[PDB]
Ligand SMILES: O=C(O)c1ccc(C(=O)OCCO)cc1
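Okay, here we've got a single chain as structure tokens, the form solved without the named molecule, with questions on binding and movement later.
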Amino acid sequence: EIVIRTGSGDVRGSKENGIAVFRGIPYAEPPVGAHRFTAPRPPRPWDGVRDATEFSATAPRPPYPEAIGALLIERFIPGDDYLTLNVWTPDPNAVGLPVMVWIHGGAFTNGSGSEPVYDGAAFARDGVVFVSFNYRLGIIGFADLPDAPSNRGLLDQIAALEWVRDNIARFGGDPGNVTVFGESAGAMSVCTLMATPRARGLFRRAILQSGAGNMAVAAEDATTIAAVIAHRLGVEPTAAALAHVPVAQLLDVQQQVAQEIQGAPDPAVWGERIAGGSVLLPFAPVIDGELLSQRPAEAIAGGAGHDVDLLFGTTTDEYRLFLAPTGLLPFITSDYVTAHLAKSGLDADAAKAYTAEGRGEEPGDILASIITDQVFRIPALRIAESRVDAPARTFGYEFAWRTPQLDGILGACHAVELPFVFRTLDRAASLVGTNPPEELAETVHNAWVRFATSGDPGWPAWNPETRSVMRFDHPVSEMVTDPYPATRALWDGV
């Protein structure tokens, strides 16, 4: 047992195998009932010692779709008191350790800070204090309502980072050397936080794994989403009304909304905009004129975050996670790809560029590469291009290792780098297989520690001339210049 006094009361953690670990430290009061929709409230001070040996409840979430869910096996924990954070440090009484703060992904609807694959022990054993946490998700986190502040989930993330600022020195960390990092929705959250004055000084460096500054819900779309949710619940689209809905009913309707938007929305239900594809993620942060007055990429184009060191990257075959496991790909037709390209204003022959660069010969494979570029690769490069004159540094990676799961159909799909970053390969066998290469997890994890420690991951910085990134792969990880250049240029005016 090991007892540490936070700014609001003592907590009891555990010191085993050379590392002190604290689980379930509250940073915000339970968001119950009407407080599903209020700003996060600092926990009520306490006397005595709060037990911090066990992960807390996690935020309410519906199951992943079955195929995805078979690859990403989530660990649910029941309860109401879920706005908590977790700390791993090698020595609470050390001074000046780098701090990493993880923001989990999961399309703003799923995930938790305490998933087994996000274990922080490997970072602590390398001399870094590691923090993870839960934030509000789905309707509760992000649905926009006239009588509630927008983007509670983002308010939660700011509150957790403010706890780290005001408490991490008591766990051995330097609050002036905080690296925030996330994957997918967590990385889009990092770009959103870089973009708002409300979070300046809460971190010195950022790592963006498969997420950029393109994910925001237009206020008029968020209103439509709320109206459909309330109609199916038989209530008014207000916090006053949704405060009383049993959570299982909230989740069931939330699930149907997400399925409908990820497919081909029915204009009769969703209006012309959403049926036309204006919404990529229906519970992404809304443009509120408070935290978001524009898409984060445009704030960053305006100089937001230019003082924060940046490490960014994507996987080679990102979108294959969402298209391949459900057998969708063999049925895709050339005319469908052409029509897809035509919504972005590109001619039919743009698909040949993908074939010429080895990014697909069949329409379905070409489609997956196109959407990989539109949602992940190009948005990441736009942030990097925006930082040409930034005083801080910018480094890039491509995670190219391909998983063998599902008979090789995924490639280097979305989320595949996570257990390599955390050296938790043995907890992600459903995604990476039973014998992934530990040497690569060593390489990737060590570069993350180097970047947290010094602001340099150990390879040349990214610039718009050579567009150099570190290509992570198993036998050999090595630098490459401007990968996939022809397919990149297709999007220049787009």
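The numbering used is simple: start at 1 and walk along the sequence shown.
The same protein has a further form, the form deposited with the named molecule bound, not shown here; the description that follows concerns it.
Student: Pick from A199, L72, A240, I287: which residue has any heavy atom within 4.5 angstroms of the named molecule in the deposited complex?
Tutor: Of the listed residues, the single hit is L72.
Student: To verify the annotation, which of these, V308, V117, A324, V164, has a non-hydrogen atom within 4.5 Å of the named molecule in the deposited complex?
Tutor: None of the other options qualify; the answer is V117.
Student: Heavy atoms within 4.5 Å of the named molecule in the deposited complex: which stretch among 465-473, 48-56, 34-42, 424-432?
Tutor: It is the stretch 424-432.
Student: Although the partner isn't part of this model, could you tell me whether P419 comes within 4.5 Å of the named molecule in the deposited complex, counting any heavy atom of the residue?
Tutor: Heavy-atom contact with the named molecule at 4.5 Å: present for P419.
Student: Would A415 sit within 4.5 Å of the named molecule in the deposited complex, counting heavy atoms only?
Tutor: Residue-level check for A415: yes, a contact with the named molecule.
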